[PDB]
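In structure tokens, the next block holds one chain alone, the form deposited in one PDB entry.
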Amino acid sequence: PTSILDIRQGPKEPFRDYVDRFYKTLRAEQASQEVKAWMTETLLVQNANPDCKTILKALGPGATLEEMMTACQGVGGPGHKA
């Protein structure tokens, strides 16, 4: 049994992959909807990797998920075969 607290972005993991894992685990978490909102508002940025965390903090709390994805595109990457 996993916990949302256990979900952290990998050192080179694409932000898009991490958000998907965060979402899947949060859906299964046993907590109120109000708490799930708070977990998303705080833990998603807090448990991002250092390079994405910097970017997300700069964007600020008004940013949309789509905007966060665009800002973190290619961080850790670009993940093409050599």
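Rigid core: the largest C-alpha set superposing within 1.5 Å between the two forms. Residue numbers here begin at 1 and follow the sequence given.
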Exercise for the section: Between 17 to 25 and 66 to 74, point out the one with the higher average CA B-factor as the PDB entry records it. Expected result: 66 to 74
Fill in the blank from the handout: For residue 54, the third of its chain by CA B-factor is the highest
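Just so you know, the form deposited in another entry exists too; it's not on screen, but the next bit is about it.
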Handout entry: Residue shift check between the shown form and the other one, rigid core fit, residue 39 Cα at least 2 Å
Key = yes
